[PDB]
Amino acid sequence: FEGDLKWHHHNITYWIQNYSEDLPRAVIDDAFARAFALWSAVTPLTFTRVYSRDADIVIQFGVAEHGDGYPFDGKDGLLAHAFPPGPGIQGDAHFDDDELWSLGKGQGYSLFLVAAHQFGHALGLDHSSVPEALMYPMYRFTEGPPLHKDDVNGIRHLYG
């Protein structure tokens, strides 16, 4: 991000404001957990689920206009969007409830794969030129380990 936005503490907490009705509540729970663990492993940061709106990364599902004045757009297209590291809406991540959300092998979009990407933005990662990476802004389904040299080099540029 412009001016290299990054967290200035290591215990990044997340709150899930709501759940989509495509998956069971707890599948989605795990789906997010694993997405953080993708980043906890390569960062000096740790990720703590909490139940409090003072959480760093607040997470929600939502259709069209949903608060930030950055409305979604129906089926397909915008999958989800995440804001840089900072106070308030910064850090958050929303998922277009008009997209069918599921886990890999499902017809719909991988909530884990899309959550993986969103959380990288929340950590200060923008998009990557490398078409094979996670922060590459084109969702291709993958059963292989979603991180790649470029996602990790980015995140090490930020938090060491």
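When you see a residue number, it is the position in the sequence shown, counting from 1. For clarity, a rigid core is taken as the largest C-alpha set superposing within 1.5 Å between two forms.
Root mean square Cα distance to the shown form, taken over structures and residues in 5 other deposited structures of this protein after a core fit, is higher for 97 to 105 when 97 to 105 and 119 to 127 are compared.
In this entry, 102 to 110 shows the higher mean Cα temperature factor of the pair 102 to 110 and 49 to 57. Averaged over their C-alpha atoms, the temperature factors of 66 to 74 and 120 to 128 are higher for 66 to 74. Sorting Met138, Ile12, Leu147, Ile16 by the CA temperature factor given in the entry leaves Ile12 at the top. In the deposited entry, the Cα temperature factor of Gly160 sits in the middle third of values across the chain's modelled residues. Among the modelled residues of its chain, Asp22 has a C-alpha B-factor that falls in the middle third according to the deposited record.
Annotation for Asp92: C-alpha temperature factor in the lowest third relative to the rest of the modelled chain, per the entry.
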